[PDB]
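J.: Here it is: the structure, laid out below.
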Amino acid sequence: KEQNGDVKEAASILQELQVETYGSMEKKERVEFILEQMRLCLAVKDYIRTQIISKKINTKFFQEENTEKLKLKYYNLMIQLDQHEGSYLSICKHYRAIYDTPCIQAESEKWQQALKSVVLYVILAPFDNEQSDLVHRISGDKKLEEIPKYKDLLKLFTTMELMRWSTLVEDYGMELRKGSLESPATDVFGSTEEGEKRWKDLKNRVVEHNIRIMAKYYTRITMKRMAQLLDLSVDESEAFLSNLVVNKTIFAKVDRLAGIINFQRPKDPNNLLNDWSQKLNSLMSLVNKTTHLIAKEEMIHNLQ
Amino acid sequence: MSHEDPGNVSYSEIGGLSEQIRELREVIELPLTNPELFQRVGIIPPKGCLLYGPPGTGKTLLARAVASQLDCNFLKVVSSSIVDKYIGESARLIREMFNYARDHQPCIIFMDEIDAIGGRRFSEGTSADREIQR
Amino acid sequence: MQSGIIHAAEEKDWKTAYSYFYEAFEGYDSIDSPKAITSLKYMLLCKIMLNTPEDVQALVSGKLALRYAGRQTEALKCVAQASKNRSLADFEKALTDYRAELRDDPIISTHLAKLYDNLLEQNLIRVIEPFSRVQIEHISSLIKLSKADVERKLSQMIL
Ligand SMILES: Nc1ncnc2c1ncn2[C@@H]1O[C@H](COP(=O)(O)OP(=O)(O)OP(=O)(O)O)[C@@H](O)[C@H]1O
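Keeping their order, the protein sequence lines are chains W, E and X. All letters in the first sequence, in the order written, are residues 153 to 456 by the entry's author numbering. All letters in the second sequence, in the order written, are residues 122 to 255 by the entry's author numbering. All letters in the third sequence, in the order written, are residues 212 to 370 by the entry's author numbering.
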């Protein structure tokens with residue numbers, strides 16, 4: 153605090169942190185001291201060290217049952233480091249832990265913006281099977297639907313279909329002036345570079361989401377139809393399909409010269425195709441046979 | 122497990138050597154009460170110790186007093202239990218001993234007159250000279 | 212070190228060639244820094260010769276490579292990163308600033324022509340994988356190359 157510290161002074165305390173971890177056990181005060189240096193490490197600008205010392209904090213968890221409530225307020229410092237560079241998914245599960253601080257509140261504005269902060273990262277996170285059941289835990293809550301933008305958010309997820317992206321910007325472009333709560337848009341659009349990266353992120357998510365229904369419904373499509381469907385040039389579609397094909401999330405062959413493009417159908421020349429298809433379909437009426445049998449058997453014994 | 126050592130008081134009556142006692146008190150008692158201090162430094166707790174005489178005396182007394190001072194568990198073995206006449210299986214009875222040493226732990230084990238059962242097989246001869254080597 | 216150089220001109224064994232440079236660095240360690248900093252260039256480059264860029268980052272991430280980190284280890288990491296990303300434009304952009312470290316390569320023609328012959332199909336596997344039927348003229352615009360040698364290289368890929 154004397155010289156306000158710098159890259160070197162913050163490094164002097166670094167090597168001294170772990171000296172007393174194994175020396176003695178201190179419940180509260182030590183924890184408060186061990187988080188003091190990373191908030192200076194943000195000013196050091198060196199992140200690779202900040203994540204190491206932050207990796208020493210997780211082995212101290214779970215810190216609950218002591219403090220309660222202060223250390224729950226420190227997660228607000230950790231999300232700052234995780235949200236910064238490479239991971240949008242690392243804040244996903246941790247913002248549900250920063251959602252436990254307004255649980256004790258006794259506060260409305262902080263809590264009301266906690267809900268939007270926890271609900272809006274679904275788009276920023278790349279789609280995964282863990283995300284699917286993640287959003288179902290928060291859905292159905294009694295406090296969550298209080299936000300009208302939440303109904304738009306949910307509408308894009310449930311059963312997909314299609315929507316105009318500019319009309320999406322009609323709902324999400326008002327939230328900058330709207331509020332009440334401007335904090336989520338303060339994180340997104342606060343930095344011009346951050347806001348632009350999440351604009352291209354939202355675009356990547358909606359165009360990736362339009363694709364996965366096309367993957368189930370094709371069969372085939374004309375190339376020029378996908379352009380007017382996604383409201384972008386065919387060159388942009390080429391870029392998009394290049395990243396989707398290298399992600400090998402869905403196999404496709406999209407011919408540009410002849411205009412015929414399609415996702416799947418999988419080849420399956422002979423064996424497995426006819427096997428599973430023909431046989432299981434035939435077993436349908438076979439296993440259902442005995443099922444309706446007893447249905448008529450009970451109906452005829454009810455009246456006779 | 123039925124060995125009985127009086128004192129307590131007998132531990133206070135032995136006198137010398139003070140600093141030797143201050144070594145054994147630590148090497149014996151500390152690893153049990155404060156295992157945490159060892160893991161910090163990285164030093165392994167000593168698993169064995171050698172007390173020999175008789176340049177003077179007091180070997181067996183002192184250690185025996187520690188049995189009754191530290192309390193906990195104590196195990197005494199006389200050196201005559203290694204022979205077992207034919208079939209020197211008592212060697213495997215050492216594995217039994219360390220079995221229940223791993224169960225009833227912590228415990229203290231005494232070995233007296235080890236020279237008979239820990240000799241050097243220098244001159245190869247007779248018979249039982251070898252079994253002890255086993 | 213010399214065993215490594217001769218094996219690099221022989222090109223017969225690309226495995227033990229990395230072993231020799233590794234042991235040589237173990238000798239130069241803790242005594243002479245200038246030999247230790249120049250020893251990593253050859254081992255990592257020979258690992259790029261083996262077309263395994265993923266292990267390069269793992270070697271430079273250790274505590275032993277952090278003390279010896281410098282302007283050369285970033286030139287090794289950028290070749291590993293361009294081979295992993297499979298982009299010749301990034302490779303050439305970084306090739307100008309690191310040319311000072313590129314001149315220390317005893318043979319600049321071998322490694323660069325073999326890597327170019329490699330990155331050719333590493334750029335082709337991105338354009339070919341999405342669709343089977345492809346025109347030559349529009350796909351040659353991505354790699355920015357005449358169609359003649361391209362068709363020659365593709366037919367070679369069939370062979
Ligand atoms: N420090 C001591 N205080 C009190 N009595 C002692 C002490 N040292 C020895 N003695 C006496 O000596 C006897 C045996 O003790 P100790 O185990 O030292 O003998 P020892 O080691 O078998 O001797 P040696 O090794 O010569 O056979 C005890 O009965 C005890 O009365």
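Where a beta carbon is used, it is the ideal one built from N, C-alpha and C, also for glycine.
How should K226/X be labelled, buried or exposed, when 16 other C-beta atoms within 10 angstroms of its C-beta is the threshold for buried?
T.: exposed
J.: Considering only C-alpha positions, which residue in the set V204/E, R255/E and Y132/E is nearest to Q190/E?
T.: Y132/E
J.: Please enumerate, following chain order, all residues with a beta carbon closer than 6 Å to at least one heavy atom belonging to ligand 1.
T.: Answer in sequence order: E134/E, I135/E, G136/E, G174/E, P175/E, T178/E, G179/E, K180/E, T181/E and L182/E.
J.: Is it buried or exposed for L314/W, if we count other Cβ within 10 angstroms and need 16 for buried?
T.: exposed
J.: Measure the CB-CB distance between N210/W and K180/W and report whether it falls below 8 Å.
T.: no
J.: When DSSP builds the beta bridges, which residues end up paired with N356/W?
T.: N356/W pairs with nothing; no bridge assigned.
J.: Which residues in chain X sit within 9 Å of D407/W, going by Cβ to Cβ distance?
T.: Within chain X, the residues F342, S343, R344 and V345 have their CB atoms less than 9 Å from the CB of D407/W, given in chain order.
J.: Among residues of its own chain, excluding the 5 on either side of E388/W, which ones have a beta-carbon nearer than 6 Å to its beta-carbon?
T.: none
J.: Tell me whether the beta-carbon of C193/W lies closer than 8 Å to the beta-carbon of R182/W.
T.: No, the Cβ-Cβ distance between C193/W and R182/W is not below 8 Å.
J.: Can you confirm whether the region 292-308 of chain X touches the region 323-332 of chain X when touching is taken to mean that 3 or more C-beta pairs between the two stretches lie within less than 8 Å?
T.: The region 323-332 of chain X vs the region 292-308 of chain X: in contact.
J.: Would you say the region 368-388 of chain W touches the region 278-293 of chain W, given that touching needs at least three Cβ pairs under 8 Å?
T.: no
J.: Assess contact between the region 311-330 of chain W and the region 359-366 of chain W, defined as three or more Cβ pairs (one per stretch) separated by less than 8 Å. Is contact present?
T.: The answer is yes - the region 359-366 of chain W touches the region 311-330 of chain W, with three or more Cβ pairs under 8 Å.
J.: In the DSSP assignment, find the beta strand (DSSP E) that holds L196/E and state where it starts and stops.
T.: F195 to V198
J.: Start and end of the beta strand (DSSP E) containing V406/W?
T.: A404 to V406
J.: Can you tell me whether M232/E is helix, strand or coil according to DSSP?
T.: It is a strand residue.
J.: Give the DSSP-derived three-state secondary structure of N414/W in the structure shown.
T.: In the structure shown, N414/W sits in a strand (DSSP, three-state: E or B).
J.: With a Cβ-Cβ cutoff of 8 Å, do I204/W and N228/W count as a contact?
T.: no
J.: Name the two residues that bound the continuous alpha helix (DSSP H) containing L166/W.
T.: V159 to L169
J.: Taking the alpha-carbon positions, what's the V187/E to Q226/E distance?
T.: 16 Å
J.: Near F236/X, what residues of its chain come up, given a Cβ to Cβ distance below 8 Å and the 5 sequence neighbours on each side ignored?
T.: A247, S250, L251 and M254
J.: Alpha helix (DSSP H) containing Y253/X: first to last residue?
T.: For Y253/X, the enclosing alpha helix (DSSP H) stretches over residues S244 to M260.
J.: With C-beta atoms as the reference, is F342/X less than 8 Å away from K405/W?
T.: yes
J.: Quick one: list the residues of chain W neighbouring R337/X, beta-carbon separation under 8 Å, in chain order.
T.: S394 and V398
J.: Give me the chain W residues within the contact set of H218/X, using Cβ-Cβ distance strictly less than 8 Å, ordered along the chain.
T.: Per Cβ cutoff of 8 Å: no residues; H218/X is ~35 Å from chain W at best.
J.: Give me whichever residues DSSP pairs with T374/W in a beta bridge.
T.: Answer by DSSP bridge pairing, in chain order: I412/W.
J.: Could I get the ranges of all uninterrupted beta strand (DSSP E) runs contained in the region 167-238 of chain W, with 3 residues as the minimum, in chain order?
T.: none
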